[PDB]
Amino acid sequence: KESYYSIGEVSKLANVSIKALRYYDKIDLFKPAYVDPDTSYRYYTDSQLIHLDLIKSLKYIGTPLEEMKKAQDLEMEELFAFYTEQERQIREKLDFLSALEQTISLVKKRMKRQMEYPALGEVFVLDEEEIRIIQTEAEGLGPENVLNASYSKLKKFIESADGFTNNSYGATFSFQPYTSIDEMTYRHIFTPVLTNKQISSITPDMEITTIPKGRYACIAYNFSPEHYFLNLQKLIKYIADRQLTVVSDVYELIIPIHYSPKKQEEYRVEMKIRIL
C-alpha cells in the first residue's frame, strides 16, 4: 500500500522468477515503479502488480514478449480481436497435429506389417488392402543403374504435402521369364503416400494412382545381390508351378532396416505381384 515490494516479494506473490522480472525490466515490459539509485535495487508498487495478469496469461498461450508489449496498449475491444487471432493460430495447430497423429499411426501400421512377414525368402500368397502411391515414368532405369537421386521429384512432392518422407522406394516392371537381371527395366519408379492433403502444383509427369486391393504372390527378404535375382526367380517359378494368371506388374519395394550410418547398410526387399 504505502510501500514497495522488493523483487523477491513480487516473485513469491506473482509466482514469477526473479531472473524473469529483471528480464522484463530490461525489455521495458514490466519495470519496477521505483529503482534505488544507490543499490540499483528494484521496488514495485502493489497496484502495478496487475500488469502481470496479462503477461502471465499471454506467456501461457505462448505469445512472444515483443508481441505482449504491443498487446498492452490495446483497448478491451481490440484485445478481444487479438484473442480471436490466437483462436485462429491454435485451431491451425490442432489441425496440424490431428494430421500428424494420423500420419504416424499409419507409418506404424506399415512398419508392423513388415515385422510380421511370415517367412523371409519363401513365397507367401496373400490378401492386401489398397496402397495409394505416386509414380513416374522410369526412363530406361533398371535395378542396375537406379539412384536415390532418381526419386528426387516424387520425394519432393510427397513430402511437400505429407511432411513425412522417410519411406520405402518402389519400382514396377513387366512379369517375364527373365533369365538375367541384365534383361530388366522398370516401367515406373514410385513412392507411397500417407496423407490426403492435396499435392499443390502437381505436374503432369507424375501420376497419382495406387496398388489395387487384391490377391498377391509375395516374397520378401533382406537384401544381398546374390539373392535379388534368384528370389525373383523363386517367384516366377511359384507362378509357373501353380499355373496362376497375373493381372498386374511386379511391384518392388525397398525399405531400410535402420538409418544408422554407423552400421553396414541393410534393406528389406519385397516383390509382390497380383493374381486372379
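Heads up: residue numbers just count along the shown sequence, starting at 1.
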Of 183 to 191 and 108 to 116, the stretch with the higher mean C-alpha B-factor in the deposited entry is 108 to 116
Using the B-factors recorded in the PDB entry, average over the C-alpha atoms of 163 to 171 and of 144 to 152, then report which stretch comes out higher. 163 to 171
Please work out which residue in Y228, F30, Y44, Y60 has the highest C-alpha B-factor recorded for this crystal structure. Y228
Could you tell me which one of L74, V123, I134, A138 shows the highest CA temperature factor in the PDB record? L74
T39: CA temperature factor from the record, placed by chain third, in the highest
Can you work out whether the C-alpha temperature factor of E252 puts it in the lowest, middle or highest third of the chain? lowest
Modelled-residue ranking by C-alpha temperature factor, third containing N15: highest
Taking the values exactly as deposited, rank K70 by C-alpha B-factor within its chain and report the matching third: lowest, middle or highest. highest
Where the record places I202 (Cα B-factor, split into thirds across the chain): middle
